[PDB]
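**Q**
There are 6 protein chains.
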Amino acid sequence: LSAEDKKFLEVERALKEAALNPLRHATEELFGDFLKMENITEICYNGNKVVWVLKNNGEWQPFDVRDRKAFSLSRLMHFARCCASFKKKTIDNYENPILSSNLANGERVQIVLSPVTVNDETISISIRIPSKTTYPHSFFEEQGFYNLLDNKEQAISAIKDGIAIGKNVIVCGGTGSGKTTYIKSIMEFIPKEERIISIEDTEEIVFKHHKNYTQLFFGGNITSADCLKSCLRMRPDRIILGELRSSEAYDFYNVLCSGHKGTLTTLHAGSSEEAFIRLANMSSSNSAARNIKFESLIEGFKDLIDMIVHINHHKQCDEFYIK
Amino acid sequence: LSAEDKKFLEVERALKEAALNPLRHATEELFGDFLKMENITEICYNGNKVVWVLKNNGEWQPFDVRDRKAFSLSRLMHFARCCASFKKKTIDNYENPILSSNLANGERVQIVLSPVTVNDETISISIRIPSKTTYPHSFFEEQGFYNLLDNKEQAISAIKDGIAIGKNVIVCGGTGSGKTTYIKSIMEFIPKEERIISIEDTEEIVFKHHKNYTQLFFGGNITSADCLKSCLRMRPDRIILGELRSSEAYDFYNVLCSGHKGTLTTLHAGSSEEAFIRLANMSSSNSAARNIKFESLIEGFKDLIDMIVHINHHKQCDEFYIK
Amino acid sequence: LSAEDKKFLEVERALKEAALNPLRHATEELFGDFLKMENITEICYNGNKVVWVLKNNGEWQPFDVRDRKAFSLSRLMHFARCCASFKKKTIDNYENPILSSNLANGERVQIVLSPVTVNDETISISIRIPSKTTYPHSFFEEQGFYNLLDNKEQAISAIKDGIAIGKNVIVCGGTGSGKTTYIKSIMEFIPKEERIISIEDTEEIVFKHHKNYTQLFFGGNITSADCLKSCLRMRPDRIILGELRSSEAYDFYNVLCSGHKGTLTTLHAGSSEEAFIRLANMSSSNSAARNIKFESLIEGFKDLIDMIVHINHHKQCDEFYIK
Amino acid sequence: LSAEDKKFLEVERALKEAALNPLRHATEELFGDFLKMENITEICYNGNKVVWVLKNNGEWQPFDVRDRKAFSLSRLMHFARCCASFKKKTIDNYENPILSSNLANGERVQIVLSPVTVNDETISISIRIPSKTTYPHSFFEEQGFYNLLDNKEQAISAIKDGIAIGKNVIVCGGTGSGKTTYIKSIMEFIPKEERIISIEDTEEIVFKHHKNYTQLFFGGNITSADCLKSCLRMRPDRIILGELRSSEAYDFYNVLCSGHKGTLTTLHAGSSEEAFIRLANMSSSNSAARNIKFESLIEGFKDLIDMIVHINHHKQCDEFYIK
Amino acid sequence: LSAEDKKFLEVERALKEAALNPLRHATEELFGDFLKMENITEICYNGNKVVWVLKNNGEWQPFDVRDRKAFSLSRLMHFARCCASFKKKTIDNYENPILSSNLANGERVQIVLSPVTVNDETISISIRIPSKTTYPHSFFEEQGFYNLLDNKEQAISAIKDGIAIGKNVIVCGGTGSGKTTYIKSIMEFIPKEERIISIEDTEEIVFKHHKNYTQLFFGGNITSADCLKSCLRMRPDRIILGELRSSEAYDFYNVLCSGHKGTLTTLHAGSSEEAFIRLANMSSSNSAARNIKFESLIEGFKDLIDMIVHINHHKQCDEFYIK
Amino acid sequence: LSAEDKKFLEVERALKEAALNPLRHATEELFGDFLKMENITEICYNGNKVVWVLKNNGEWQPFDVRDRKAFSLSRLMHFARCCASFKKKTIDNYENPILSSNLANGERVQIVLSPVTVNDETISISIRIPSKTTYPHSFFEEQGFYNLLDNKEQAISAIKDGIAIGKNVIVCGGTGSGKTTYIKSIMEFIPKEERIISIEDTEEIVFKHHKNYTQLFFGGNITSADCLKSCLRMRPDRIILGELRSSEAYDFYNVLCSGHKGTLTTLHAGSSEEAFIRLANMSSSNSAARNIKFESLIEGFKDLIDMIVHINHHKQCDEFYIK
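Residue numbers (full-length UniProt numbering), protein chains in the order written: chain V, 6 to 328; chain Z, 6 to 328; chain P, 6 to 328; chain L, 6 to 328; chain D, 6 to 328; chain Y, 6 to 328.
This is how it looks when you write it as structure tokens:
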């Protein structure tokens, strides 16, 4: 079939692989070395001939690029447009100076040009490194992910059993607190017979223990609400939400109202109590929740969310909400 | 008359059976074997050369299709387009990657293409088997559909008598908990003299004990609200709502406000208390309920819904709400 | 004048009588026999070669039409279009499968075609028989319309005197509970010197005891709100509302706020308490009531409605609300 | 100046007196006799060869016109169109069957044509006689306008003094309760030095005791809100509102909020308490009051309206609200 | 520079001075004599050959103009159009019968034509005389502006000191209660070093004691909200609002929320308590205050407004609100 | 690279330096001398041949320019247009008399022309001097910035430690109270390893102690909400908001809800308590907060804002809110 399938794809690939090849070389030429460094969480460039790299250990390391052709306005701009076209977008110095796109491999890329930047020789770039690895849950314990908890044993058992029985779990914290990583590891506890549908922004979750599943990705005209709506039409046993933004916000509250099996998602929030308000706020912004009391949404999630895990800047659990 | 009627239909049938014949062969060529398997509730394909079939016993069974022409991008895409055109829709890799359509027989079909799927060799397909069969209510008892209830005898009598007297009943639970099946069986108790109008999404309910009736189907530009609106203009004794979504939501609250005879419908909800909120939420989203207090809607259904039956993942009643 | 008036009308009549003659024959050809049967409340056809007729005694009687040219897709469709054009509408298998129109004499007609019906050989038709007769109020007593009441004498006097003094009365119940019939009879008690304006959907009320009056009919672009608005500009002593739908809903609350003489209308509602909420709900849907508290509307009608009469499925009063 | 002014007006008058002369003859030809009858409050025609005339004594008197050319469809329609064009409007059997216009002298006219009327030989007409006369206030007392009050002397003094000091008074009751008449008479008490601006729908108020004043009339594109807005820019001492409808409703609440001198207007309402709600309801419908608590409006008028006079169907005061 | 500046202005002046010269002569020809009369607050013409002039002493004086060419429809109309064009507007007998414009010197002018007036020989005109004089504050005391107060000394000191320290003061009352005049006089107490920006409708305030300042005028497409928005970008020490209308209403509440130095403005209101509600009402009408509780606005101004001065029809303070 | 980068920029620079060179000379010709004066906070021109300059010591100093070509309508207008085009805007005497732009160096400029100004020889100009200097925090103490506090030592330690630990701080006060200056100095306490993103209106903050950072500027079509949205996608450790206006208002409440590290921004407000309401008001105006209770927002910031510093007109802290 590979022979018949190749000719069939031939036309779309040429199309895609015409904006993707260019982008790969730009990517290679500029951030190549950087993308190969182990244990890094973000590659920033501040349009000042210096590349700042953030390590998993929360340290910022700078690198001198004053002497590289790759970091020339012409070279940087070409890279920028390559990202734009790749995601069917435009970046310029007028109506589109700020950009959000991805690399060939899918890593989030945020580019900012003049006039939004201080001057015309400034081109801000921020690459988000998904930290491609799937550490086992045991590894989290061995490293004391739960050491700050007073209910350590309880928490470690609740996460194992809870998830195994299909409770709705929410993992929250700040950008880069290892939220995704954590959920990826705790998935070892979903019975391998479960069908799982994952809705993400960029491929990140890996299915090491499950065969039956499907991954959905929102982006462009396809909102996350579309993927979660499709999801509910694909007979899922577990639904894994890459991250609650605002669109799905309310359509997630509903999925929960209909008493749905095992949900699991990440959210930016400083705490448990916060997570509930974060949810209400978000859900409220939806036109469908235009006639529902605000406190009524908060109490809504309060009944539906079985357990919340918060993670601090030190990639350690500092609160384990239950029941 | 059949002779005159044939020539009369001739032109629409040619039109329809021009998108339906193509679709039948595609359907036959790919999921034929699968659609013939007994006691299955869903046929999923995850674009990975393996067909996953869900059995009534809640088990997932996979099937190797690596060696079939039918499962080639070209073969799969043709099938996909066949579903699209059949329901007057389009499926593509741009503005219409997600699709909701039906088979020749009416079974719900959910197709997802790239870019929404992980890659371009992935084509997600989910067929919903309306488990074709009409088991007698007695069969439900023999199998202990009510065994978890503490008010078993009470419940089994309430459902028989209640329905016979025209109470408004709501059957709820998760996808595939046998809600439809249950309502089809409990219909044995509606006096055969009753005129029944059924509003569904796909033909599913069967009228084994009733002669005078009519089936309405919403889809496309015809919303369910249109069918329920027409319904109230067709002198019905009993109204059977395939499933409360959101459109009818409020227009259902009203049908109840006007003190209407015997209503009976299914709804996704984890419990009794939940069902009332599920209802309010939904009704609220309607512009007509823009000036009605939210708690006022909840109390609204609370007075109008005489009895609620909830079903767990094990296709067993685990709560029988009454009065 | 009849001579000059004839030539004057000549042009509109030809126009109307060009869609009305066709419709009369279709009507005659199909439901002729049926429309001549005494004491029937609805003529239904379920696209199955059988005509179901509902008798005043709540019984459904079926009739075999397998052997009639009139009931051929071609014959049924022609009838359907005749109804459509008659009311300046279209009925088809695409954007207009559901239809609401009337017969030459004005009886409500609801037609449903494929795709909304189960198949293409199904054409649903529901004719509503106004039950053309004006029984005296005494006849209602002789038949025990009030026998279920504990306050029988009280109720029978309240309706007589109340109406005679101009109180606002609301008659409610389900479709075909003899609401219209009832109001028609209790009109014997409005002083014959009263000027009455009636706003209906189809001519039904008869003025046996009153000379000075005028009938308004809404339909098409003319909403009932338009007729009630005109009404208040025609110096009426009594206003008879065919039936509260939703448009007039709020503009009716107002007519009452301005302390208006004798109002009398029908409404679908299961009870007294219900009728008040039914009213609030409806009024609320109006943009003019966008800034008025929902409970404030309920209390609104509670002060204004002097007496409510409810009728059960057995065409008997089972609640007589007063003061 | 009359010579120069004539040539100046010549062009508009020709324009106006081209639709007004035709209308005068029609008016003369049909309702001539009727318009000359003394003490009548409304001339109704129900499209049945009979003209119904309402006398000031609340009696309905009918007149046989079967034998008059004037009452022929052709003759009636010409009259109808004459009213339409006169007010720059259209009346027809399609998009404009209902009409609201005026006669040459300004009397309100309500015409209804088929399809809104029962048949095509029916043409409903309702003329409102502004009972042309300005009876002295003393005459009201002599006739016992206040005889039903327990606080007779109090009330009669309050109305005299109150109005003389500039209190905000509201006269309310049903159509034809002599509200306008009453206000016209109580104007004898406004110091003759007061500048008065009157906002009406049709000229009706007469200034027997005042020289400095101006009359504003709303109609067509000029809403009453425009006339009250202009009013507040014409240095008025007293403002007389023909009748509170809904536009001015809120813009009237404001005029009062700014603590304005002497206001006086009529409103349809059954009582005092009702009048306040009638006001709130109306004010609320204005976009400017979109963010104001409903009960807050009621309390608003409650502080601002110093005294309310209600009149029953018998043209007698049956409630005199004060302070 | 005057030489270079003249040529530069030459083109705009010709443009303006082409609609302004015509208007001056019309103004001169008609209301000349009248505009020269001392101590008058308004010049009204009621289209009846009589000019009514209001004196500062609250007296209305009429003047016979039957024998003047100036008061001929042709002469009056020309004047009317002159005002219209001057402010870039149109006045006619159709879509623009009501007019608001100004004279060459800026005095407010309100013109009303037929159909809004009673007949075609009626042309209503109302000129508002700013009363061009700047009496000292002491003069107010000598005349007993504060004599009705029980806290006389207190009030007279509070106004002096308060204003000197930059408190937010609101002067309110009815049209022509000498509000503007009052504020103009109390400005003697703002330290001469203060920079003041004044936002008015027409030039009226005079800066007798201040050198550093700027005057803003709203009108036409430039709303007062625009001038107050610009104001906050011109480093003002004191802001003087000609008069709170509704646009600035909320944008004024905000200026106060940001704890702004010395504000001072006039508002139409009957009292202190009223002034706060007047403010809330107005602010609420702004889209920006769409999500803020109504009582929350009232309490808003209650904290921010340090002192309110009300003036009665007798140009005397009858309430001095403080703290 | 400078060689390749030059040719690359060549085309945009020519474009920009074509509106910027003209503007520099105008700026030089008129306000040159003035812009060179030390310790000044605003340069105002009131279209009266006198330039008013505000000194840091709160004193207003005027300067005679009657004898300068630069201050001639032609000379002033050319300057004005130069500012307009520079920011891609238009300034005229019709639809764009008010202008907000910047100088070559970025200083805020507010220009007002006739008709908005009193006459045609008036051209209002207000330049805001960003007092260019970065005084050390110690300098603030030496000058008694905290001397009015009863909790002096506490406050001075709280600001040092608080900021060092990443608390959310809000600095508020009136225009020119040295808010920006203060925040610039207290930045010495953010660990030099912290990545900082600053969102301003004009470049003002200076990074004396930090290497890794990026500056974002909103203006034109790029709102501040866009820069804060981009900000959260650039892995910041600290976010410095030039000033809360209204757009970011709610999108700032959210950034805080997600428990974000170290925020620090300025806001116009008279006090602590005020600052919370100022925040709520602003956030509410956002469509996303349309369904959130107003008091719920106030309580929102109350939990999230760790410490608020208010500054009086005398550039001294007069309230130090904490916890």
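By construction, the Cβ of each residue, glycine as well, lies at the ideal position given by its N, Cα and C atoms.
1) State the beta-bridge partners of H315(V) as determined by DSSP.
2) Does the beta carbon of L108(V) come closer than 9 Å to any beta carbon on chain Y?
3) For chain V, find out if any of its Cβ atoms is closer than 9 Å to the Cβ of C262(Y); answer yes or no.
4) Ends of the alpha helix (DSSP H) at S106(L)?
5) Please name the residue or residues paired with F68(D) in a DSSP beta bridge.
6) Please check the pair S105(Y) and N317(Y), which I expect to be a contact at CB under 8 Å, by giving their CB distance rounded to whole angstroms.
7) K74(Z): buried (16+ other C-beta within 10 angstroms of its C-beta) or exposed?
8) So the candidates are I188(Z), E209(Z), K213(Z); which of them puts its Cα closest to the Cα of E198(Z)?
9) Flag this pair as yes or no: are the beta carbons of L78(P) and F13(Z) separated by less than 9 Å?
10) Are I45(P) and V55(P) close, meaning C-beta to C-beta below 9 Å?
11) Among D206(L), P196(L), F39(L), which residue has its Cα nearest to the Cα of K92(L)?
12) Which same chain residues end up closer than 7 Å to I310(D) when comparing Cβ atoms and leaving out the 5 residues on each side of it in sequence?
13) Are the beta-carbon atoms belonging to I128(V) and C232(Y) less than 9 Å from one another?
14) Cβ of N259(P) less than 9 Å from any chain L Cβ?
15) Tell me where the alpha helix (DSSP H) around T139(D) begins and ends.
16) Could you tell me whether the Cβ of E17(D) comes closer than 9 Å to any Cβ of chain Y?
17) Decide if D242(V) is buried, meaning its Cβ has at least 16 other Cβ atoms within 10 Å, or exposed.
18) Taking three-plus beta-carbon pairs below 8 Å as touching, is the stretch 262-271 of chain P in contact with the stretch 154-172 of chain P?
19) Under the assumption that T32(V) contacts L108(V) (Cβ atoms under 8 Å), give the Cβ distance between them as a whole number of angstroms.
20) Taking the DSSP output, what are the residues bridged to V114(P)?
21) If the criterion is Cβ atoms closer than 9 Å, does the pair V117(Z) and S203(V) meet it?
22) Tell me the rounded alpha-carbon separation between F325(D) and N226(L).
23) For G224(D), which of helix, strand or coil comes out of DSSP?
24) Is any beta-carbon of chain Z found at less than 9 Å from that of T219(V)?
25) Listed from N- to C-terminal order along the chain, which residues in the stretch 234-254 of chain L have their beta-carbon within a distance smaller than 7 Å of any beta-carbon of chain C?
26) Can you check whether the CB of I210(V) is closer than 9 Å to the CB of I191(V)?
27) Output needed for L284(Y): all residues of its chain with C-beta closer than 6 Å, excluding positions within five of it in sequence on either side, in chain order.
28) For the stretch 190-211 of chain Y, which residues have a beta carbon sitting closer than 8 Å to at least one beta carbon of chain D?
29) Less than 8 Å between the CB atoms is what I'm expecting for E112(L) and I132(L), so what's the real figure, rounded?
**A** Walking through what the data contain:
1) Walking along the first sequence from the start, residue 315(V) turns up at place 310. Paired residues: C177(V), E324(V).
2) In the first sequence, the residue the question calls residue 108(V) occupies position 103. So, not an interface residue.
3) On the sixth sequence, position 257 is the one that residue 262(Y) refers to. Judged by the 9 Å Cβ criterion, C262(Y) is in contact with chain V.
4) Here residue 106(L) corresponds to residue number 101 of the fourth sequence, with the count starting at 1. Premise fails: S106(L) lies in the beta strand (DSSP E), 103-107, not in any alpha helix (DSSP H).
5) The residue given as residue 68(D) occupies position 63 in the fifth sequence. Bridge partners of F68(D): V56(D).
6) Mapped onto the sixth sequence, residue 105(Y) falls at position 100. Mapped onto the sixth sequence, residue 317(Y) falls at position 312. Not confirmed; about 27 Å, so no contact.
7) Position 69 of the second sequence, counting from 1, holds the residue named residue 74(Z). Burial call: exposed.
8) Residue numbering aside, residue 198(Z) sits at position 193 when the second sequence is read from its first letter. Measuring from the Cα of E198(Z), the nearest candidate turns out to be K213(Z).
9) Position 73 of the third sequence holds residue 78(P). Position 8 of the second sequence holds residue 13(Z). Their beta carbons are under 9 Å apart, which means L78(P) touches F13(Z) by this criterion.
10) Translated into the one-based positions of the third sequence, residue 45(P) becomes position 40. Translated into the one-based positions of the third sequence, residue 55(P) becomes position 50. No; because the gap between Cβ atoms is not below 9 Å, this pair is not in contact.
11) Within the fourth sequence, residue 92(L) is the residue found at index 87, counting from 1. Taking only the C-alpha atoms, the option nearest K92(L) is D206(L).
12) Counted from its first residue, the fifth sequence places residue 310(D) at position 305. The residues are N173, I175.
13) For the purposes of this step, residue 128(V) is taken as the residue at position 123 of the first sequence. For the purposes of this step, residue 232(Y) is taken as the residue at position 227 of the sixth sequence. Cβ distance not < 9 Å, so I128(V) and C232(Y) don't count as in contact.
14) The count along the third sequence starts at 1 and reaches residue 259(P) at position 254. So yes, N259(P) belongs to the interface.
15) Within the fifth sequence, numbered from 1, the residue matching residue 139(D) stands at position 134. Here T139(D) belongs to no alpha helix (DSSP H), and DSSP marks it neither H nor E.
16) Along the fifth sequence, one-based indexing puts residue 17(D) at 12. By this cut-off, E17(D) is an interface position.
17) What you label residue 242(V) is simply residue 237 of the first sequence in a count that begins at 1. Flag for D242(V) reads buried.
18) yes
19) Along the first sequence, read from residue 1 onward, the residue named residue 32(V) stands at position 27. Along the first sequence, read from residue 1 onward, the residue named residue 108(V) stands at position 103. Right, the Cβ-Cβ distance comes to about 6 Å (below 8 Å), so this counts as a contact.
20) Locating residue 114(P) in the third sequence gives position 109, where the first residue counts as 1. Its beta-bridge partners are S106(P), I132(P).
21) Reading the second sequence from its first residue, position 112 is the one you call residue 117(Z). Reading the first sequence from its first residue, position 198 is the one you call residue 203(V). Contact: no.
22) Here residue 325(D) refers to the residue found at position 320 when the fifth sequence is read from its first residue. Here residue 226(L) refers to the residue found at position 221 when the fourth sequence is read from its first residue. Going by the C-alpha atoms only, they are around 43 Å apart.
23) Taking the first residue of the fifth sequence as position 1, residue 224(D) is located at position 219. The answer is strand: DSSP assigns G224(D) an E or B state.
24) The residue given as residue 219(V) occupies position 214 in the first sequence. Closer than 9 Å: yes.
25) In the displayed structure, chain C is absent; the protein chains listed are V, Z, P, L, D and Y.
26) On the first sequence, residue 191(V) is found 186 positions in, with the first residue counted as 1. On the first sequence, residue 210(V) is found 205 positions in, with the first residue counted as 1. No.
27) As a working mapping, residue 284(Y) is identified with position 279 in the sixth sequence. So the list reads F306, once near-sequence residues are dropped.
28) none
29) Within the fourth sequence, numbered from 1, the residue matching residue 112(L) stands at position 107. Within the fourth sequence, numbered from 1, the residue matching residue 132(L) stands at position 127. Correct: roughly 6 Å between the Cβ atoms.
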